[PDB]
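Chemist: Below is the structure I would like to discuss, written out as structure tokens.
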Amino acid sequence: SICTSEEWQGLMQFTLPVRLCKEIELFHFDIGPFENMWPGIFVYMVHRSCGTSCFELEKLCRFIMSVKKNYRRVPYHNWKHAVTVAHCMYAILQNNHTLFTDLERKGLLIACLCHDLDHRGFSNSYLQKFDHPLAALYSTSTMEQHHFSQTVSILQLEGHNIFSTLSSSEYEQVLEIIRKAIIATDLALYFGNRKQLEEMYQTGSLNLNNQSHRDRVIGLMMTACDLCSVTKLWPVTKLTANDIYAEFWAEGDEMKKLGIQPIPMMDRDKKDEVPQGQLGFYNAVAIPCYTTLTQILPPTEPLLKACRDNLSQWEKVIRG
Ligand SMILES: Cc1ccc([C@H]2C[C@@H]2COc2cc(NCc3nnc(C)s3)nc(C)n2)nc1
Ligand SMILES: [Mg+2]
Ligand SMILES: [Zn+2]
């Protein structure tokens with residue numbers, strides 16, 4: 001789908017309220033209440049991370065409005081999820097600016113905006129177990145490969161390629177930065193990645209100059225951004241969780257119509273077990289992630305602090 005003439009023109013003429021400028025720098029920033037400003041917020045973030053001449057303003061505004069039109073109206077993995085994940089990446093980048101190159105900053109902001117592109121509200125297991133065409137095309141990381149394929153297709157639209165002004169080597173480097181960042185958002189790969197990084201940090205062998213290490217660090221940054229709803233203020237973290245489960249329970253509903261027993265996280269009859277399962281996700285997934293990200297990039301400590309606050313909140317729910 002391509003953005004209409006009206007859409008990209010509209011955000012070229014957008015102006016961000018100076019009250020927001022101070023707020024958007026904080027890790028806990030919730031975008032939720034500013035729906036009309038989401039595309040323009042992405043523009044400001046790109047222009048503050050990689051400068052006013054980062055990309056052609058027309059091309060960038062067309063790209064952004066076409067990415068919005070290709071996210072589906074599903075409960076969680078929607079346009080709103082994309083800007084939230086891109087905002088968290090901007091906050092990480094701003095706080096560690098000279099650790100990343102211009103090309104990495106450009107790639108990661110665009111990778112986050114496009115990372116769940118064209119999501120059907122179905123997990124990789126649903127598509128693989130029910131022999132969906134996408135699973136025959138992509139054996140592993142099924143949706144994550146499709147999201148990359150879709151990202152490349154928006155760049156192949158008339159006047160959308162924000163990267164063509166890069167040298168041929170810079171272009172292939174950015175397209176590989178994006179492919180790897182998007183694949184790292186498949187939570188199945190996260191556990192292995194975090195284990196290796198924890199190992200390299202403890203032993204003292206982690207070296208950001210080593211491209212293999214750099215790729216794993218970027219991957220952990222993408223996970224942290226993907227799950228950042230656990231780093232928001234408790235009321236926000238709570239309302240987002242209702243959206244996550246609205247999408248998980250809708251997948252389990254499709255399995256129940258096909259005579260299939262879903263796991264408890266995708267079963268709406270198992271709502272009571274959500275506080276306990278959220279506690280488990282914080283203990284095994286969220287806390288380790290932000291703990292390792294803070295060890296590597298100490299300015300990202302507020303993410304570990306906020307995640308720890310919501311862990312204490314989920315424990316409070318469980319206790320009564
Ligand atoms: C009964 C029971 C058992 C276990 C669980 C917990 C594992 C789930 C909690 O999963 C998540 C996933 C997630 N982000 C990735 C996503 N993938 N697809 C989406 C849709 S959200 N972010 C958060 C805050 N929580 N819940 C209930
Ligand atoms: Mg995803
Ligand atoms: Zn995501």
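Note on naming: chains are A, B, ... as they come in the structure tokens, residues start from 1 per chain, ligands start from 1 in the order shown.
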Give the residues close to ligand 3, within 12 Å, counting only C-alpha atoms and all ligand atoms; write them as a compact mmCIF listing (two decimals) with N, CA and C atoms, in the first residue's frame.

Modeler:
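Output contents, as saved in result_15.txt:
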# COMPACT_ATOMS: atom_id res chain seq x y z
N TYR A 71 0.85 -1.30 8.50
CA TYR A 71 0.63 -1.97 9.77
C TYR A 71 -0.88 -2.23 9.83
N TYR A 76 -2.26 -5.55 19.18
CA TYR A 76 -0.99 -5.07 19.72
C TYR A 76 0.05 -4.67 18.67
N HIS A 77 0.39 -5.56 17.73
CA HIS A 77 1.46 -5.31 16.75
C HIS A 77 0.95 -4.39 15.64
N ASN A 78 0.68 -3.16 16.00
CA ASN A 78 0.13 -2.11 15.16
C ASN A 78 1.11 -0.92 15.03
N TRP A 79 0.72 0.14 14.29
CA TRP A 79 1.51 1.35 14.08
C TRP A 79 1.99 1.93 15.41
N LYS A 80 1.11 1.91 16.42
CA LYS A 80 1.42 2.39 17.78
C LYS A 80 2.62 1.65 18.38
N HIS A 81 2.68 0.32 18.20
CA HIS A 81 3.78 -0.53 18.70
C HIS A 81 5.11 -0.12 18.01
N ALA A 82 5.07 0.04 16.71
CA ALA A 82 6.24 0.53 15.94
C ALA A 82 6.86 1.86 16.49
N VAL A 83 6.04 2.92 16.74
CA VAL A 83 6.56 4.20 17.20
C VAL A 83 7.10 4.10 18.63
N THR A 84 6.48 3.23 19.47
CA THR A 84 6.89 2.97 20.84
C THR A 84 8.28 2.35 20.81
N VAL A 85 8.47 1.32 19.99
CA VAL A 85 9.77 0.63 19.86
C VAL A 85 10.81 1.57 19.26
N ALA A 86 10.43 2.37 18.24
CA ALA A 86 11.38 3.37 17.68
C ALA A 86 11.73 4.44 18.70
N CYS A 88 11.86 4.11 22.02
CA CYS A 88 12.81 3.54 22.99
C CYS A 88 14.25 3.50 22.39
N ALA A 111 14.70 0.37 11.32
CA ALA A 111 14.52 -1.06 11.62
C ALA A 111 13.42 -1.16 12.66
N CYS A 112 13.47 -0.34 13.73
CA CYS A 112 12.45 -0.33 14.78
C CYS A 112 11.07 0.08 14.22
N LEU A 113 11.01 1.09 13.36
CA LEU A 113 9.73 1.51 12.79
C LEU A 113 9.09 0.44 11.93
N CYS A 114 9.89 -0.37 11.26
CA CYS A 114 9.40 -1.40 10.35
C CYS A 114 9.46 -2.83 10.92
N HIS A 115 9.94 -3.02 12.15
CA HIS A 115 10.24 -4.34 12.72
C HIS A 115 9.06 -5.38 12.82
N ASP A 116 7.80 -4.96 13.01
CA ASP A 116 6.68 -5.94 12.97
C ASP A 116 5.78 -5.64 11.75
N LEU A 117 6.33 -5.06 10.67
CA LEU A 117 5.56 -4.66 9.49
C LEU A 117 4.65 -5.70 8.95
N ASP A 118 3.37 -5.35 8.75
CA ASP A 118 2.37 -6.26 8.17
C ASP A 118 2.09 -7.48 9.07
N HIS A 119 2.11 -7.26 10.40
CA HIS A 119 1.88 -8.36 11.33
C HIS A 119 0.42 -8.77 11.31
N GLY A 121 -1.07 -10.68 13.61
CA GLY A 121 -1.51 -11.00 14.97
C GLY A 121 -1.32 -12.47 15.30
N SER A 123 1.59 -15.68 15.86
CA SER A 123 2.97 -16.00 16.19
C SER A 123 3.59 -16.95 15.17
N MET A 143 7.90 -14.62 10.66
CA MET A 143 7.40 -13.26 10.52
C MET A 143 8.52 -12.24 10.47
N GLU A 144 9.63 -12.49 11.16
CA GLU A 144 10.75 -11.55 11.18
C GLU A 144 11.42 -11.42 9.80
N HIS A 147 8.90 -9.36 7.76
CA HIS A 147 8.95 -7.94 8.12
C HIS A 147 10.10 -7.24 7.38
N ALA A 181 18.90 -6.51 12.70
CA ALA A 181 18.16 -5.91 13.80
C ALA A 181 16.72 -6.48 13.86
N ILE A 182 16.05 -6.58 12.72
CA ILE A 182 14.71 -7.13 12.65
C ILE A 182 14.66 -8.62 13.06
N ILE A 183 15.62 -9.44 12.60
CA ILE A 183 15.66 -10.86 12.94
C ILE A 183 15.86 -11.02 14.45
N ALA A 184 16.69 -10.16 15.04
CA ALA A 184 16.91 -10.20 16.48
C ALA A 184 15.63 -9.96 17.27
N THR A 185 14.56 -9.38 16.66
CA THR A 185 13.29 -9.17 17.38
C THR A 185 12.48 -10.47 17.57
N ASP A 186 12.91 -11.62 16.95
CA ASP A 186 12.28 -12.93 17.14
C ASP A 186 12.76 -13.32 18.49
N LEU A 187 11.85 -13.30 19.48
CA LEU A 187 12.18 -13.59 20.86
C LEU A 187 12.79 -14.99 21.05
N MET A 222 17.59 -4.21 20.38
CA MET A 222 16.31 -4.38 19.69
C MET A 222 15.29 -5.10 20.60
N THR A 223 15.76 -6.09 21.42
CA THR A 223 14.87 -6.83 22.30
C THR A 223 14.29 -5.87 23.34
N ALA A 224 15.19 -5.07 23.98
CA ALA A 224 14.91 -4.06 24.98
C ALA A 224 13.87 -3.05 24.51
N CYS A 225 13.94 -2.68 23.24
CA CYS A 225 13.02 -1.74 22.64
C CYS A 225 11.73 -2.46 22.38
N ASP A 226 11.79 -3.69 21.84
CA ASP A 226 10.60 -4.48 21.55
C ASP A 226 9.73 -4.69 22.79
N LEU A 227 10.35 -4.90 23.97
CA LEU A 227 9.64 -5.15 25.22
C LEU A 227 9.50 -3.92 26.13
N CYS A 228 9.94 -2.69 25.70
CA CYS A 228 9.94 -1.49 26.55
C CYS A 228 8.63 -1.14 27.26
N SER A 229 7.47 -1.76 26.90
CA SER A 229 6.24 -1.47 27.68
C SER A 229 6.43 -1.79 29.18
N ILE A 244 -1.60 -6.69 24.60
CA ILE A 244 -0.80 -7.88 24.31
C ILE A 244 -1.67 -9.14 24.45

Chemist: What does the list of residues within 10 Å of ligand 1 look like if you count only C-alpha atoms and all ligand atoms, written as a PyMOL selection string?

Modeler: chain A and resi 74-77+81+119+121-124+185-187+223+226-231+237-238+240-251+263-282+284-286

Chemist: How many Å separate CA of residue 73 in chain A from CA of residue 32 in chain A?

Modeler: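 Between CA of residue 73 in chain A and CA of residue 32 in chain A the gap works out to 15.5 Å.
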
Chemist: For residue 1 in chain A, which residue out of A:63, A:14, A:138, A:201 is the nearest one, using only C-alpha atoms?

Modeler: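 Among A:63, A:14, A:138, A:201, it is A:63 that comes nearest to residue 1 in chain A.
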
Chemist: Taking only C-alpha atoms into account, which of A:101, A:149, A:34, A:137 comes nearest residue 20 in chain A?

Modeler: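 The shortest atom-to-atom distance to residue 20 in chain A comes from A:34.
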
Chemist: Pick out the closest residue to ligand 2 from this set: A:87, A:160, A:120, A:319. Count only C-alpha atoms and all ligand atoms.

Modeler: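 Counting only C-alpha atoms and all ligand atoms, the residue closest to ligand 2 is A:120.
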
Chemist: Applying 8 Å and only C-alpha atoms, which residues near range 39-49 of chain A remain after dropping the ones on its own chain fewer than 3 positions away? List them as a PDB file with C-alpha atoms, in the first residue's frame.

Modeler:
ATOM      1  CA  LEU A  11       3.703  15.652   8.211  1.00  0.00           C
ATOM      2  CA  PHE A  14       3.990  19.270  11.195  1.00  0.00           C
ATOM      3  CA  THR A  15       5.575  21.094  14.159  1.00  0.00           C
ATOM      4  CA  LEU A  16       6.404  19.347  17.480  1.00  0.00           C
ATOM      5  CA  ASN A  36      -1.969  12.539  15.698  1.00  0.00           C
ATOM      6  CA  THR A  52      18.226  17.752   9.783  1.00  0.00           C
ATOM      7  CA  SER A  53      19.946  16.567   6.576  1.00  0.00           C
ATOM      8  CA  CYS A  54      19.808  12.854   7.706  1.00  0.00           C
ATOM      9  CA  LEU A  60      11.327  10.433   4.714  1.00  0.00           C
ATOM     10  CA  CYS A  61       7.768  11.758   5.016  1.00  0.00           C
ATOM     11  CA  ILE A  64       6.894   7.096   7.210  1.00  0.00           C
ATOM     12  CA  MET A  65       3.310   7.459   5.925  1.00  0.00           C
ATOM     13  CA  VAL A  83       6.561   4.203  17.203  1.00  0.00           C
ATOM     14  CA  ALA A  86      11.377   3.369  17.682  1.00  0.00           C
ATOM     15  CA  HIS A  87      11.055   5.874  20.558  1.00  0.00           C
ATOM     16  CA  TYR A  90      15.995   6.907  20.069  1.00  0.00           C
ATOM     17  CA  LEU A  93      20.864   6.145  20.947  1.00  0.00           C
ATOM     18  CA  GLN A  94      20.702   9.694  22.447  1.00  0.00           C
ATOM     19  CA  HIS A  97      25.397   8.695  20.694  1.00  0.00           C
ATOM     20  CA  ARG A 105      21.725   5.207  14.018  1.00  0.00           C
ATOM     21  CA  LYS A 106      19.853   5.584  10.665  1.00  0.00           C
ATOM     22  CA  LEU A 109      15.563   3.902  13.819  1.00  0.00           C
TER      23      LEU A 109
END

Chemist: Show which residues sit within 8 Å of range 191-195 of chain A, as a list in words. Count only C-alpha atoms, and ignore same-chain residues fewer than 5 positions away.

Modeler: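 Once the adjacent positions are removed, what remains is residues 216, 219, 220, 285, 288, 289 and 292 of chain A.
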
Chemist: Tell me which of A:13, A:141, A:70, A:95 sits closest to ligand 2, counting only C-alpha atoms and all ligand atoms.

Modeler: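 So, comparing all the options, the nearest one is A:141.
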
Chemist: Run DSSP on the backbone and grab whatever in range 68-310 of chain A lands in alpha helix (DSSP H); send it over as an NGL selection string.

Modeler: :A and (68 or 79-94 or 102-114 or 124-129 or 133-137 or 142-155 or 168-183 or 187-203 or 211-226 or 234-257 or 274-281 or 287-296 or 301-310)
